[PDB]
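If you want the building blocks of each chain, they are given just below.
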Amino acid sequence: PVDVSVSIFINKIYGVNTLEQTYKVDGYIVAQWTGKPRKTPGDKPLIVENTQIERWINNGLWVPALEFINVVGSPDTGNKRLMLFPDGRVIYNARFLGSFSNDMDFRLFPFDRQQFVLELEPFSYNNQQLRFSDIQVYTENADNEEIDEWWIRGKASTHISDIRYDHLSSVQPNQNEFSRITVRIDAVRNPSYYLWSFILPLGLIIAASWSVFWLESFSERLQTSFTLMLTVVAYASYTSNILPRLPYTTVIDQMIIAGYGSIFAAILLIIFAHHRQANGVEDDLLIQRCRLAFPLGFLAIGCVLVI
Amino acid sequence: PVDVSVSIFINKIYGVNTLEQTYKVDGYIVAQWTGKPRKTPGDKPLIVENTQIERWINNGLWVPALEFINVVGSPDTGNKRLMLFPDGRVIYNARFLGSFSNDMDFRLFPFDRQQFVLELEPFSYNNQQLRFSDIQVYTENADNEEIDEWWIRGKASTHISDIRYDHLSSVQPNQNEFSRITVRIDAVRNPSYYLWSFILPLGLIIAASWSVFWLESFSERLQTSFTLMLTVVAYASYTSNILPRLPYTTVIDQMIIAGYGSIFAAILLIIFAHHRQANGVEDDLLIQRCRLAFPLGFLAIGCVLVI
Amino acid sequence: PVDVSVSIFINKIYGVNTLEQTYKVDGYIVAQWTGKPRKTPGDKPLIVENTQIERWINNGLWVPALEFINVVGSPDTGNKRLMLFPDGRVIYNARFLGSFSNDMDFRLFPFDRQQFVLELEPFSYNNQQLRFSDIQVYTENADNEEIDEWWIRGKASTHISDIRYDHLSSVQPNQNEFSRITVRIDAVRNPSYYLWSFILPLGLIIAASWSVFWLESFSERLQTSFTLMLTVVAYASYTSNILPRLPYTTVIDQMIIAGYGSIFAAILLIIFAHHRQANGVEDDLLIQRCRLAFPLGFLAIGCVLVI
Amino acid sequence: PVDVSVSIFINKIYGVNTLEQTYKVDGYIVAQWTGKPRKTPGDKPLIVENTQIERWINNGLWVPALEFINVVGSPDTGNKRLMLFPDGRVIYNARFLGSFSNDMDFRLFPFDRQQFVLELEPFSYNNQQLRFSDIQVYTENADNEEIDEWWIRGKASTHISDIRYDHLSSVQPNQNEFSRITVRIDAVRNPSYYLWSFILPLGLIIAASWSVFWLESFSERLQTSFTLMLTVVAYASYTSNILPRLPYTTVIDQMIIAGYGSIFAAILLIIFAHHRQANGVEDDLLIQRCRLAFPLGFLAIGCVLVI
Amino acid sequence: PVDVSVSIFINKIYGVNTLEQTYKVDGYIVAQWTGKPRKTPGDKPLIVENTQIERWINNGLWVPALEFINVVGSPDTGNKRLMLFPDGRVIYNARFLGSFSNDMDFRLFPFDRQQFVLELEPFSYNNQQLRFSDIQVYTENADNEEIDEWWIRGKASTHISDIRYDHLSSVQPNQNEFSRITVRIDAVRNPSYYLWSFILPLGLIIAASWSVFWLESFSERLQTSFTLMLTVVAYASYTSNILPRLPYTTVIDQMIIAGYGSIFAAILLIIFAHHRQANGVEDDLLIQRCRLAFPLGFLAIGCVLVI
């Protein structure tokens, strides 16, 4: 049972695809195991870069293929290097850029909690053939969060585990318990942009929306809210074109709903005010004074959504 | 006639291309057939990964090309593996990411249901040389629908059949009946985003549009309905930028049409109400307040359109 | 002069790029010719896959390169195979996905019909070395046009002809007439989306535009028409965001022009009615009632554009 | 010093990227030079296609690398051909599609003149090793200009030159004078589309914007110009989402500015009319009659624009 | 410790990706070191391009892989060339196009200043085996600045250093010491475009916003500011679709925020102005004549947050 030691160097996590539940990771893979000792030129380890590795493999170098389980497509492989030691041990080193998949919940956008994950697993060798001895992951992390879209939180979770496959080939004495490396890197979304350029102005609109009740005439009151209705639509599109595409509503998506909700409510109140009547235009001088009702009523219903 | 057992593992279905009628599937293919016995090191099964597989083929190993019939372009191939047994049998294993083709009807968007299909067929060996003995497809699925764009519902449909080609080649008899595997996976669109962020608000717009008839003046009535016209267009663009490109109208596209009409309907009546006359101000002293007619009249036309 | 019979299978025609004048074609190529008789295993036809094809050619198998003349870039090739029969016979079969170019006039959008074209020609061998004996094209077409973007019409036109090149080496008897296969497939665009979601609402905009003359006050007359101007613009953008970009105007583009045209013309009259005068206030109360006058003048100008 | 005769065949120039200052060129390369005599089968020229070309090179055949100096990335190479003649001649022929880079000034869009340029230079061999004897360029196109976005006007510019590099590796006497082929093709943008669908309605926007002065009341003056401001804003995106991205302003970009200026200018004129007074109400009937001033006052600032 | 001299030729720096913090670099790498002398044909240096380089490496030529440390993914390499001199020295020459990574702060866009960085480091050999003697960088450009997006300042700053990794594998003495070349090019964004076409009109918008106070009735004042709110919103989408996507606000974003604030501020004043009381509505004589207070008050806060 070959003991293989692994090291992950995380260079960059970027390009989250919200609809695909996808992100990109640039970094290096380092794999190490000990084979039977051999002749090295001089006596210091021999280095084999890129092209020449396939010719070592053709003549019988055992370089087990380690597959990135949750990678979408096949990773862009940078330089590869084999360092063969005289005492026997062999180290595989290669840089990669890959597209990885993991469950990504984006509902409380833009205040996301996600975790970028790497899962590594031997393509052909089970726990009886190849096992992962240990793994440290290096997030060459620090500084400049305010410049970056994502703020990394942990220093990285690691687990070596055994995954068993029930539905196989026509093999089964115990050949079904492959050993797996799992890397987890926690992150929080940078909410500042969506706050000031989306949350705040949207807020001013909805608030300013309510000032429609400070109009004197019923006529002014009613046709005016049609322009404000027209405003939320323009705002929605502005948001729409910019926000990440998702199959569900975000918090922002919801503020927009409420905004529409504000105005349709206002239309009804304005109308109700007018034609509930004792003459012709007895605008009930109590509901003309839904001036403070609806604005503070919007705060209460806004606060029911928290639990 | 070589019997081949096939197994597809579906890892990810994503990337719907609404216009090209295409979807991308990440997964593994496993194909098994029995060849001539020959003797592997020790006598335990011996593994041939990626690069070395082709080197076996040069020395004459029969590794048949099984083509993805409905794949668009040629798929991203991950690691390949041959597991060669001494008793003869050979197992082909490979990971793929492929863009697949299938007829896709999007008229009832965002309530379309689709089925993602794989078609596999040996490229060159007909049913009398190579035939598909069986195929199982395992969709590693569960839970999290509320998070995903698509909801897979069946656990997968299977079809092994014979495809007959009437013309080619200059072979006569029946080297024309290649054996084909067809995998089918049903899905429903998560309509939640489009419900709350498109259906509901458009509904409120059309609804508040009807609020034009509570206006007292004719000028108010007529001018305000222009704002209503401008709003549906603004919403129309808002919609367009997000909705998928199609060559036919969707349900949402139709609500848009409904909106334009309602307002255009109102314009005509408001004009009609005020201008055929004995008067100047000839508001038929009670179409005035077709306040419940037309709103109710629009809903009736709505339930006929569901026919 | 080697006689080569070719057969094309068209699987999918899609992804027209309007600016580039290009479209994508997925299908299979088949080429057959007779060489010198050879010895196949047994006496059965020998089949050769992908990789192994070149190794046949490295020791001298003649496989002439047939170039897709009007292809943009070089095609994505799927599985390839050589079928070698003992009597001399050779069949080349390969799947391809290619981006092809042809002159595409898009002025009468969305009522354009285009023709998808394939041109195939030997890369190195002229009239006298390689000859196209014949070619059939199988358009595996049928049904459901209502779902697809393009409506394939013919059963595809075919023409084998001789193309002469004037600029050679200065080689002397008739070294210059490569033989060319030309496949033509006619198509018409599905206008259904654009009719109901673009033309129709645009018409309603233009129509409701004319209702400005049913306003009684001049302020309303002039002020309102600015709101209608704004509407045509909002409609223009919505349209632009969706429509294919071209270097010329489409029918829809022209309709947008008319909308701008309709309103600016109205503006002048509304002003003209008011201020060309015999007092200050005699609105020509008939040019006011140009109410249905240039609506049919607009219909006349629309119907004159066909001759 | 080897004489190399070159021929460029331009098939297609398309896909200009305004931001990268990039354009795509499809065509064939033809290179011919005289080597030491060879003895070919029979003795009429021997043809070597694609893959087998590398096998001749391994075998000591001199096929010099000619680099496309100004290509961005490395070209999609189609089929390659070696024609080896018995008298010594060697002709290299290949199809290519590449994105090329060149300086492109886009300030006066859409009335741009651009020139699509090709530069070819041997990658490794200087003028004293490899020299360009002559050069022909063949542009496979004519007619149908009003269908294409760029109108090729000239034929093809050509110049063989010697480029000297002062900063090399440090090789001393004269190994720094590589010979360079420069192909230039002049073209005009098809401005028709932008004239009819952008410039023209923009004019109608601006002109009708000025009609705000034929309004009677002061409130009418001011309020409407806000609708007019909103309209021009409205025009900008409609414009923005469609026009190519640049880092500097175009003709059109300025036209928009002018519209903004015009409206802002109007507001001021309009407020001023009302409030500089001999009473309060003295609308100076020359500044309210800037009905013709301000319109032709823009045309003056307008034709000084052109000079 | 082999001393290697490097030369970077920058041809073009383009296509910055703001979200990815990425830029594209087209150019050449030249690496030279001195080997043990050889025997070349005749005695003049022998040239080995592209394909035949791997065949020289197979026979034992030491061509060390120098990795672009901060390259995202793996670069498009053009032609490769080995120049082998008889005195021993070996020159690696090859063209590249790559996407590179570096921290890019875009907060003061469009007045950001950035710095393009290249990092090179041998992939397998530490300072004691391969050492960087020097590096020359050729920035082949100057002038033509108002047309270019970025204004280059330096002619490239460079610094060669020794990087040691704390977390290695099996090495004990001090062999953890790879030598790194760091290339820096300082740059300016040309802000003129965003000045005239985004800053200016946004400014005219905010300015005319203040003209709301030159309205006479309260209904016009309050009702008009609703249209102006809509204008800024309309401006926002305009802007955002065009401005580069970032995870933070730019200056321009903040100008937008200010517009909303200005208008929302105007709303409160106009209403506050109105229910002000000693009666029902006594218009406070000068607080509505903050017609010029608020604008220069906006100019004052405009100048304070700059500090």
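Sequence order sets the numbers: each chain starts from 1, possibly unlike the entry numbering, and residues with no coordinates are not included. All chains are assigned letters beginning with A, and all ligands numbers beginning with 1, in the order in which they are written. The side-chain figures draw on all heavy atoms in the structure; neither hydrogens nor water molecules are used.

By the naming in the PDB entry, chain A goes by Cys-loop ligand-gated ion channel and is assigned to Dickeya chrysanthemi. The Subcellular location comment attached to chain A in UniProt states, word for word, "Cell inner membrane". UniProt positions are given in the numbering used here, feature names are shortened, and annotations may be inferred rather than shown by experiment.

When chain C is fitted onto chain B, the two copies agree to an RMSD of 0.6 Å after a turn of 71 degrees and an axial shift of 0.1 Å. This pairing of chains is accounted for by a five-fold axis. For the superposition of copies, the fit is least squares and the atoms are the C-alpha atoms.

So, on to the relation of the copies chain D and chain C. Superposing chain D onto chain C takes a rotation of 73 degrees plus a shift of 0.1 Å along the axis, which leaves an RMSD of 0.6 Å. Here a residue-residue contact requires only that any non-hydrogen atoms of the pair lie within 4.5 Å. Little of the interface of chain D is mirrored in chain C, where only 9% of its interface residues again form contacts.

Residue and element names in this part refer to chain A. The domain boundaries assigned to chain A delineate domain 1 (1–190) and domain 2 (191–307). For the pair domain 1 and domain 2, the two sides together bury roughly 1200 Å², of which 69% comes from carbon and sulfur. Defined here as a combined quantity, buried area equals the accessible surface (1.4 Å probe) lost by two parts on assembly, summed across both. For the domain 1 face of the interface with domain 2, the top three residues by lost area are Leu19, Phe109 and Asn190, together amounting to 44%. For this analysis, a salt bridge means a side-chain nitrogen from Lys or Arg found within 4 Å of a carboxyl oxygen belonging to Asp or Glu. At the boundary of domain 1 and domain 2, one finds 0 salt bridges. Put simply, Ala, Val, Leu, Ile, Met, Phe, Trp, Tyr, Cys and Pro go in the nonpolar bin, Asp, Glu, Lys and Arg in the charged bin, and everything else, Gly too, in the polar bin. Class assignment for the residues of the side of domain 1 that touches domain 2 results in 8 nonpolar, 2 polar and 4 charged. Here the bounds of each domain stem from an automatic or database domain assignment.

Residues and elements named next belong to chain D. Strands are treated as partners if at least two bridges between them are detected by DSSP. Secondary structure is summarised from DSSP: a helix means a run of H or I of at least four residues, a strand means a run of E of at least two, and numbering begins at the N terminus for each. Read across the sheet, 6 strands follow the order β3-β5-β6-β2-β1-β8 without closing on themselves; strand pairing throughout is mixed. In this open sheet, the two edge strands, each paired with only one partner strand, are β3 (46–49) and β8 (130–139). Put simply, the sheet's adjacent strands are angled 20 degrees from each other on average, direction ignored. Relative to strand β6 (residues 89–101), strand β2 (residues 22–34) runs antiparallel, the two being bridged by 13 bridges. All axes are obtained by fitting lines to C-alpha atoms, using only the stretch in contact for helices, and the reported angles, taken between N-to-C directions, cover 0 to 180 degrees.

With that settled, consider the packing of aromatic side chains. In this scheme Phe, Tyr and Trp rings, the latter by its six-membered ring, pair at centre separations within 6.5 Å, and the angle between planes marks the pair as stacked below 30 degrees, edge-to-face above 60, and tilted otherwise. Tallying each qualifying case throughout the model produces 92 aromatic pairs over all chains. Pairing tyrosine 193 of chain B with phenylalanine 198 of chain B gives two aromatic rings, centres 5.6 Å apart and planes at 70 degrees, and the pair type is edge-to-face. Taken together, the ring pairs in this structure connect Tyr23, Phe68, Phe96, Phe100, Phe116 and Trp150 of chain A into an aromatic cluster. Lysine and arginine charges are scored as sitting over a ring when NZ or CZ, respectively, is within 6 Å of the ring centre and within 35 degrees of the ring normal. Positioned above the aromatic ring of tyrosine 14 of chain B, the side-chain terminus of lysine 12 of chain B is 5.0 Å from the ring centre.

To continue, consider the pattern of salt bridges. In this structure the tally under the stated criterion is 58 salt bridges over all chains. Residue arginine 153 of chain B is joined to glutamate 145 of chain B by a salt bridge in which the shortest nitrogen-to-oxygen separation is 3.3 Å. Residue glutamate 145 of chain B is classed as partly exposed on the basis of its relative accessible area of 25%. Where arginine 164 of chain E meets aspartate 162 of chain E, a salt bridge forms, and the shortest distance between an N and an O atom there is 3.8 Å. Residue burial is assigned from relative accessible area. The probe radius is 1.4 Å, only protein chains are included, and a residue is buried under 20% of its type maximum, exposed over 50%, and partly exposed in between. With relative accessibility at 44%, the residue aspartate 162 of chain E sits in the partly exposed group. Overlapping salt bridges, with partners in common, bring together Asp26 and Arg95 of chain A together with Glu67 of chain E in one network.

Disulfide: a covalent bond connecting the sulfur atoms of a pair of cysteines. All names here are of chain A. We call a pair of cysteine sulfur atoms a disulfide when they lie within 2.5 Å. Scanning the model with the defined rule gives 0 disulfides over all chains in all. No disulfide involves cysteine 303; its sulfur sits 20 Å from that of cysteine 290, the nearest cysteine. Residue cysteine 303 is classed as exposed on the basis of its relative accessible area of 54%.

Right, let's get into the interface of chain D and chain C. In this assembly, 56 residues from chain D lie in contact with 55 residues from chain C. Taken over both partners, the interface formed by chain D and chain C buries close to 4700 Å², and the fraction arising from carbon and sulfur atoms is 60%. Contact with chain C buries surface across chain D, with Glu49, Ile147 and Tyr193 of chain D losing the most and accounting together for 13% of the total. Seen at the junction of chain D and chain C, the total is 1 salt bridge. Across the pair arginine 95 of chain D and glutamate 67 of chain C runs a salt bridge, and its minimum N-O distance is 3.5 Å.

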